[PDB]
There are 2 protein chains.
Amino acid sequence: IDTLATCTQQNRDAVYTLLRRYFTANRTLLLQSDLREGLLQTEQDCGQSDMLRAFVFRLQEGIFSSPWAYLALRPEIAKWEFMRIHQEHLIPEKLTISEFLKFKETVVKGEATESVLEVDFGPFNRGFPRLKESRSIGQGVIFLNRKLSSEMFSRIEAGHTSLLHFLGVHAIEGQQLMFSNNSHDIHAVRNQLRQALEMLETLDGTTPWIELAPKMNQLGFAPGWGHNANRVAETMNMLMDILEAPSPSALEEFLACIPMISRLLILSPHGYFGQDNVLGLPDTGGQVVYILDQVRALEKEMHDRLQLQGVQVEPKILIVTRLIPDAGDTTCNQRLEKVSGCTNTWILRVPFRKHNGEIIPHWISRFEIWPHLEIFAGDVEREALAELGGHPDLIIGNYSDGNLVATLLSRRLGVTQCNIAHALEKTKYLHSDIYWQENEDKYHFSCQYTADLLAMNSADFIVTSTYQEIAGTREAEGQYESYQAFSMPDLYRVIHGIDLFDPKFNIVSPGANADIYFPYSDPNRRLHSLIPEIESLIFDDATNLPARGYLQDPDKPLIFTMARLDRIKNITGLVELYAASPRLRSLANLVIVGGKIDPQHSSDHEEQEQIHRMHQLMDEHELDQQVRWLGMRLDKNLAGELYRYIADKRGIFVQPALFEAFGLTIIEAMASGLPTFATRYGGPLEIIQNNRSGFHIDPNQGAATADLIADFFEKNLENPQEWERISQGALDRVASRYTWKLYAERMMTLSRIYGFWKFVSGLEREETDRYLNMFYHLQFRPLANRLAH
Amino acid sequence: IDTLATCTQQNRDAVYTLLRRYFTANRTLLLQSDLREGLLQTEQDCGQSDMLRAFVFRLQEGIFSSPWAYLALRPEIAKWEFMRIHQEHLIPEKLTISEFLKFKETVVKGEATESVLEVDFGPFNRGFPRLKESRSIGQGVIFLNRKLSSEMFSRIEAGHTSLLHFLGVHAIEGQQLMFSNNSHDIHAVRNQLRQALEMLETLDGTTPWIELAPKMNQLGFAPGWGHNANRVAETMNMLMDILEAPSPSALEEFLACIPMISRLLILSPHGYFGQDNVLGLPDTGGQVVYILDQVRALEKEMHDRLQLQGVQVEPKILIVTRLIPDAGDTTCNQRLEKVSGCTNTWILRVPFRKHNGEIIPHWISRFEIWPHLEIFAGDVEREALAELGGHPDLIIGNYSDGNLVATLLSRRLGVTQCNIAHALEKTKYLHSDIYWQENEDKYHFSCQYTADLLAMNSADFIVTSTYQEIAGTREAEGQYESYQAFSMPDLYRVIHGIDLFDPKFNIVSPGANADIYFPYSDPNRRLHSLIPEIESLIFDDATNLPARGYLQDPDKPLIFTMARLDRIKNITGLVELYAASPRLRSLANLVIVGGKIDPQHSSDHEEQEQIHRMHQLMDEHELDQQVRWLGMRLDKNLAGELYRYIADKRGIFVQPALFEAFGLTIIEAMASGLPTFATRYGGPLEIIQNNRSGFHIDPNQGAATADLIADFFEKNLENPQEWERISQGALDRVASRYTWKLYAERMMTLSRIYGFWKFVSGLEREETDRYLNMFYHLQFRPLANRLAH
C-alpha cells in the first residue's frame, strides 16, 4: 500500500469526490478522524473500493490548499511516504519529506522571507547499524550483540576487537582490574589464560581469590575474574572462548560480568522529589515511585555482580534533584537524604543558582526550568563528583529536563548515558510544533522539544516501558516516532530526527513492588491479620470513612477495581456496563475502591462530577446490595492484601480505563494472581496476552464486554479450572516479563554492553557530537535565554 | 626547533631574565617583534645561547599574566606547538591548541560566564586525502590526480567506475554529450570504444565530426570526442587507456578535455566595478583589473577547448556585481555591459534590496555590506540563471563578500566553486580576532572572519597568487594559515579552521596584459608615435611640464621607479640609498614617476606628506641633473612603451617596496625585458629567481642595495653580456609562469578536475555540508542581522 495504490483511478470519480470532500476548507490540516470520516459518503457515490478504504485508513495527516492535496501516509509501523495530488488532473506525485514540510510550513505560517535551517541527521547516521524489521524495534541490545560479535570475529588480525584494551581501561577506586598490564597481543593473552586455567585445574574449586591473587598477578592478571576459583575458571573460560570464536550469547554473558559498574548517577531535577511526602505535590506523580522502586533492585544487582567477581567495593547511587529552600516542611530542603531499603543509595539535592548565584529560593515548574539547566548541570557535576569518589560509571536521565542534564554531564565526564523520557509530549499534543508560537507562553515547547531532540540523539541507550512508546501501533505513530521529521516555523525544520531502528532503543519494563504486591498463593508473606479488616470494608456497612451499599448475599463471585476516580480510568463506565445486562448482575457482585463520596465544599479538585455520576448511577438501577463503593485511597500493604483476598475466592480485577500508558496497577493485580480484564488501548495491549495472561476489553464496547465477564464466570460449573489457568498464566507473565529484578539485571547488563559499544563506536561518532554541540550552543542556548526574557 | 629546545635550563638564569623581561606587562599579548626585542638587552646579560635564539625566533606570539606564560611556537612552515612556562619554577608543559586558546580567552576578555562554542572541523576532514610535505602546498591539483587515478585503478579492477557516469551528466545546451545510451557498464564501453576506434582506422585524418556523427551514434556515442576523426581517435584512445590502467597524467589529460565548461559566473559585489574610469573610487582599484584582463584570456581558452572537441556552442562569461542607481559619474547603474575585447563576456549588475526591497540606491562600503548579501545572492541567482541559458559550469568568488555569495550560490545550484580572496585581512590587522569587539563599529570583522571560515571550507578549490598567501614563510604565518585556529570572544573558538595540506589549494599566478607590456624586442607592435614624447619626458625639464629633474647625461644608464608616493611603496628609501652612495651616483641616473608632485597639496592630501621627505632629500645631497622626477600618472599605453624604451637604450627597473604581496609592477617590468631589482619581502621572492630572472634587494640596507646595483652596472664592457642574461631570464620566467594565457589553461583544467572530485567525493562530504549550513544559519545570519539592527 503506497503512492502507487492511488491507482484507485479504476474508480476515478471516487477519488475525485473524496478530494472534493476534503478540500472544502474547514480545516486545511486534517487528522485521521476527519480524513477517514470523509471516506464514508464518498462511500455511497460512487462505489466501495476496499483498496481506497485501506489507503485512507493509513493516512496520518493531510494538508489541503488550492487545487492541491498534500498527503502523509504511514503504511506500516515506522514507515512513511509523502505525496501530493492535483484536485483536477489526479496524478499522485511522490514527495520528499522536505517538500511536504515546506508546504505545511507555507500553508500554516505563510511564505518565507528567509530560507529555513534544516537539521538533518541522515549524513551523520549513515553507516551505523540499523535493525531491519519493525517487530524487532525495542530490542536493540540483541541486535547489537550479534553485530558486535560478528564484527569481533575478524580478530583474525590484531583483534579482538578492542575487548582486550577495553578490559584494561576500567579500574575501581584506583585499583587496576582484570589485567596487570595492557600488553594487547591476544597471543599473549590466550597464553596467560591457558596457564592460569592450567593452575586453577589443580586447586580446589572453593579456593578464595585472596589465595589465587599473587600467583595470578605473575601471569598478568589483576583481580575481578571471580571470588573463588570456580568463578575465576568460569570467567577466564568465557574469555578463552570469545578469543577463539566469538558469538553473541557468549560475548553478552562475558561483557555482563565485567566488574565495571560501581557508581550510578540518576537525574530528576523537576518536581518535589522526596520520600513518601509525595503523591500529589506540584509536578510529582508516580514519577518518584519509578525511581524509588528501581534503585533498590538496581543497588542489589550492582552489589551481587561486583561480589561474584570478587571486587569488594561498595556501590553508590546518587539520585540528584533540585534543592528547594522553599519546601520548609517536606525534605526538599535537605542536601543528602539516605533512601529506605538501601545501603549506599542517597538522594542528593542541589540548588539552582543565578550567574552570581544566589540560591534562588522558590519552586519552579518544569515548563519554566530550561534557563536553569546549564548552571544546574555545572553545579551537579561538582557536587556529585565529590559525593562519589570520582566519575559515575553510568548516568541515567529522567523526563526531558533530566535527559538534557544527562546530555551535558555525560559529554562533560565521558560517561555512558541512558535516557528515560517516561513520556514525550509532542505526540500527545497534536500540532504543537507547527503551532508552537501559540503555546510558548504556557507550555514552552520550543525549549522542550529542542532539548528532546538533542538528548535522544545524544544517548548511548534509551529505555522505554512499552513498545508503543517508541514506534506506536499500525494505527498510531509512537512517541519518539513523532520526532523523525517536524517543523518549528521561524526556528528550524527537522528531518531524520531519530532512527527508530537504531539499536539504542530498549524496552525494559518495570514491575513489582514485590514486597507489597505478590501472589495470593504465597505461603509465608500474606498479611492474615488485615483479612478481618478487609471483610469489614467489603461485606459490612455504613459510612464512617466513605461507603456504602452493603451487598449482603455474598456467596457469589466478585468483580473488583481500584484507581484514582476520574475520567481516564472510567470507573463510572464499569459500574455502568454492570448496570445493564442482568446476566452478570446475577452472576456476580461488584467492589469499587478509590473515590470521595460527598465532595463537601471545600475542598477536593477537578472532576467531582465523577462522584455525582457515581451516586446517580447507583441510585438508578437499584445498585446497592449489588455494588459496594469504598471512597478510601487505601494503603500499600492494605491494597496488596486486598488484591490477594479477591483471589480466593476466584474473584477478578477489571480496569476498563480509556487508555493506559504503561499500566502499573494491571501489573499489581496480575502479580497478585487474580485474572484481569484490562483496556485494549495503551500498555495493557503488550502486558496481557489475551486468554493466557488475562483479557483485553474495549471500554466503549462495555455493553458487549459485560457479557465476556459473565461468560468467564460460567465456564465448567462456576469457573474453577480456567480461572486458575488465567491466574497461573498471569503469575507466569509477571514473573517472566514485568519485575524490578529482571529490570535491574537488564539494566546492569545494558550499561556494560553499551559502554563497550560507546568504546568502539566512539571515534566514528565525533561528527555527530560536533553537530549536536553546535546545535545546543547556537539554538538551544538562545531559546532558554529568551526565557527570563 | 621545538618545545624540548627549552632544555636551555643549561643557563636557566638567562631564561628567567627573558621571562621576567617579558612579564614587565607593557603588554599582555606579546607578538614576534617584541619577543625578539626581549632577546637584545637582555643580550649583554647574561651569555648568548644560540639555542635560545632559535627558540625565541620561532615564537609567533606569547600571552602573559600571573606567574604563567603561554607560548605559541611555529618551528617550520605550517607547523605549530603550544606550551606554558611558569615564571618562578620554570619547566615547560605541552599544551593543546584548545588549552592555549582557552587561556588566551580567559586572560584578554577575562573569565567565561558560560562555555565557549568550539567549531571543530577536525572530525569532518578526517579521512580525506591530504598533502604531506609543506613544500607541496598549493600544488593541489597534482596530488588530486594521483589520488583520483590511484582510486580509479582499484575500482576499475572490481566492477565499476564513476568516470563513465560523470561522462554521462554534462549536456551542453540541451544536447546529449559524449554518450547516447545511459550505459553504466564498463565492458560495454570498452567494446564500443574498440569498434569506434577500428572504424576510425578506415577513414583518414581530417574527416569532420559532422560526417562521423551518425556512424558514431549507431555505436552509442554522442558528440564531443573531437572535431575531426583524428581527435576523436585521440580522446577515445585516452579513455581506452584509462579504462585499462588509470594513471595520473592520462587521467588529467582526459578530464582536461571534457566539454563540461561553457558558462562562468564571476562574483564581485563590492566597489564600483565598471570598465575603466574606476581607479581611486571607494572600495575599487586594480582589484577590478584582475577580473577584466583575466576574462578575455578565459573566454578564449574556454571557446578553444570546446571547439577542439567539436562542440559549437558559444560560451558565456558573466561578471556579476552590484547595481548602484547612484551613477556617481560612472557606468555602475547599467544592468548589462559588454566587456570590450570579448565576444561573449558581460558585466551583469544587480541591485541590493531591503526585506521588502525596494532597491537600495546608495553606495555601501565593503565593511558594511554583510546584511544585504543573502538577499543579493537570491537575486543574482535568478537574474544570472536567466542570462546564462541555465546553471553556470563554474562559479568564481572574489574577496570575502564574493566568496560568501559564491558559497551560498554554489550550494543552491550544485556548481563547482572557486574562491579567490586576493587577501585575507585577519593577519593584516593585529589581534583583530581576540580584539574583534573593539573593531566592530568600523570594520565588522565578526561577520568577515565568519564568512571567511565558511567560504574557505565550502570551496571546491582555492586559487591564490603566491605560496605565501597560503602558508607564508619560515618567519611569517600565511594569510590562510591564521584561520587555522583562533578565538573570537563571546562568539566562538575555531580549531582546524582550514587544512593547509588540503588539495583544494592551488597557486595560479596571473600577469601581464600583454597588449601593453611586451618585450622591447618585437618585430612589430612597438609604439614609435610615443617615442619622441618619451625622450622629452626624461630629458626636458623645469616649468614646461612636471618637474624637477634636468638630467643632461646622454648615454648614462637609467634606474627606473614608478609607484604610489606612499610610505610602504618606499620611493624615499630608494632616493635615500641613491644619494648615500657616490659610485651608484656615477654609474647611472635615477628616474621616478609617482606622487602628483609638483606642489604639495594641492592636490591629494594628507598621506602625500611623503612629498616633504621627497624634496627634503632631493635638494640636499644635490640631486638634480643626477635624478629626473615626474609627477605624472602616465597613461598605460605610454608607460608600456616607457618600459620598452628603458631597455636599449639599456637600463633597469627598481621596486624597493617595504613589502609587496604580488608585485604586478614587477611582472610588467620583466615582461618588457628589464632586469629588475625587487624587494625580498613578499611575492617578488617567488616571482623573481634571483640572479636569473632579476635580483632581490633588502630595502632595509641601502648601502648593500645600491652597492649591488652598482656591481651589476660594472659587469664586463658594462653589461653586454649579463644585462642581457638577466633580461632574457626575466622574459622567459614571465612566459613560463605569469601570463593570462597560462592562467586560463590552468583554470579551465582545475574546473574540470575539481568538478570530477566534487562529483566523486560529494556524498562523503555531506556531514561537512550540514555542519557548515548550521553554522551559517545559526551564527552568520545573526551576526549580520546585527547591522541592519
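Laid out as a table, the results:
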{"item": "Cleavage-rule hits (GluC sites (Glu not before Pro)) in segment A:58-159: DSSP loop, at most 14 neighbouring Cβ within 10 angstrom", "result": "A:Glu88, A:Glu111, A:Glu114, A:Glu133, A:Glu157"}
{"item": "Across the identical copies, how the A:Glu111 labels are spaced - nm, sorted shortest first, 7 Å along Cα→Cβ", "result": "5.4"}
{"item": "Shape call, segment B:512-739: gyration tensor on alpha carbons, a/c limit 1.5", "result": "rounded"}
{"item": "Virtual paramagnetic centre 7 Å along Cα→Cβ of A:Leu308, amide N under 11 Å, in segment A:246-261", "result": "A:253-259"}
{"item": "Whole-Hz couplings from phi, Karplus 6.51/-1.76/1.60, listed for segment A:591-596; x for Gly and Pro", "result": "9, 10, 10, x, x, 9"}
{"item": "Relative contact order %, segment A:130-260, counting alpha carbon pairs below 8 Å whose residues are six or more apart", "result": "29 percent"}
{"item": "Long-range amide H partners of A:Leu117 with built H, under 5 Å", "result": "A:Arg493"}
{"item": "Furthest towards positive pole of dipole, B:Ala213, B:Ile137, B:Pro282, structure part chain B, Cβ charges", "result": "B:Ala213"}
{"item": "Sites excluded, trypsin sites (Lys or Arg not before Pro) in DSSP loops with at most 10 other C-beta within 10 Å, longest stretch of chain B", "result": "B:133-427"}
{"item": "Unit charges on C-beta of K, R, D, E only; dipole of segment B:512-739, Debye", "result": "580 debye"}
{"item": "The protein assembly as shown, dipole about Cα centre (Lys/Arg Cβ +1, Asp/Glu Cβ -1), debye to the nearest 20", "result": "1280 debye"}
{"item": "For chain A: relative contact order, % (alpha-carbon pairs under 8 angstrom, 6 or more apart)", "result": "12 percent"}
{"item": "Computed helical MRE - 222 nm, the protein assembly as shown, DSSP H runs ≥ 4 contributing -39500 (n - 2.57), nearest 500", "result": "-12000 deg cm²/dmol"}
{"item": "Estimated FRET transfer efficiency (B:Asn524, B:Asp648; beta-carbon r; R0 25 Å; 0.05)", "result": "0.95"}
{"item": "Whole-number D in µm² s⁻¹ for segment B:1-129, Kirkwood Cα-pair radius fed into Stokes-Einstein, 25 °C, 0.890 mPa s", "result": "156 µm²/s"}
{"item": "Quotient of C-alpha Rg and 2.2 N^0.38 Å, computed over chain B", "result": "1.05"}
{"item": "Gap separating the Cα centres of segment A:6-73 and segment A:697-769, nearest whole Å", "result": "38 Å"}
{"item": "Proximal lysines relative to B:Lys741, as straight alpha-carbon distance under 30 Å, when same-chain residues fewer than 8 apart are discounted", "result": "B:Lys147, B:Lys300, B:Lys316, B:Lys338, B:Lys504, B:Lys569, B:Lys636, B:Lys649, B:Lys758"}
{"item": "Reciprocal of mean inverse Cα separation for segment A:353-422 (Kirkwood radius, Å)", "result": "12.8 Å"}
{"item": "HN-Hα J in Hz across segment B:240-255 - Karplus 6.51, -1.76, 1.60, θ = phi - 60°, x for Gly and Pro", "result": "4, 5, 4, 5, 7, 9, x, 9, x, 6, 5, 5, 5, 5, 5, 3"}
{"item": "Top positive-direction residue, dipole computed over the protein assembly as shown with Cβ charges, set A:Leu373, A:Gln448, B:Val15", "result": "B:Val15"}
{"item": "Debye, to nearest 20: dipole size of chain A, +1 on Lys, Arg Cβ, -1 on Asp, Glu Cβ", "result": "1080 debye"}
{"item": "Residue exposure sequence - B:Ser529, B:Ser581, A:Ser761 - by fewest surrounding Cβ within 10 Å", "result": "B:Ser529, A:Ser761, B:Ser581"}
{"item": "Reciprocal mean inverse distance between Cα atoms of segment A:130-260 - Kirkwood radius, Å", "result": "15.6 Å"}
{"item": "Filtered GluC sites (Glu not before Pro), segment B:558-622: DSSP coil and at most 15 other beta carbons within 10 Å", "result": "B:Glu606, B:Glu620, B:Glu622"}
{"item": "Cleavage-rule hits (GluC sites (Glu not before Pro)) in segment A:681-789: DSSP loop, at most 14 neighbouring Cβ within 10 angstrom", "result": "A:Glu718"}
{"item": "Spherically averaged projected area in nm², based on the convex hull that wraps the Cα atoms of segment A:412-565", "result": "16.8 nm²"}
{"item": "Residues A:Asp541, A:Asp204, A:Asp393, sorted so that the one with the fewest Cβ neighbours within 10 Å comes first", "result": "A:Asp204, A:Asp541, A:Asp393"}
{"item": "Where the Cα pairs of the protein assembly as shown fall when distances are cut into 20 Å bins, in %", "result": "7, 25, 32, 21, 11, 3, 1, 0"}
{"item": "Distance-filtered residues of segment B:189-203 - backbone nitrogen under 17 Å, label point 7 angstrom along B:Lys215 Cα→Cβ", "result": "B:192-203"}
{"item": "Positive-pole candidate from A:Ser180, A:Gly402, A:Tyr550, dipole of chain A, charges at beta carbon", "result": "A:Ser180"}
{"item": "Members of B:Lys556/B:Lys715; A:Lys79/A:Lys132; B:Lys354/B:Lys426 lying beyond 18 Å, as alpha-carbon distances in this model show", "result": "B:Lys354/B:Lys426"}
{"item": "From phi via Karplus (6.51, -1.76, 1.60), per-residue ³J(HN,Hα) for segment A:201-211 in Hz, x at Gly/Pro", "result": "3, 9, 10, 5, x, 7, 3, x, 4, 5, 7"}
{"item": "Neighbour-count ranking [beta-carbon atoms within 10 angstrom, fewest first] of A:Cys332, A:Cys418, A:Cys257", "result": "A:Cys257, A:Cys332, A:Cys418"}
{"item": "Placed amide H near B:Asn277: partners under 5 Å, 5+ positions off or other chain", "result": "none"}
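Read the figures in this text as sums done on the coordinates, not as results from a lab. Positions of Cβ are generated from backbone atoms using ideal geometry, with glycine treated the same way; all protein chains shown enter the neighbour counts.
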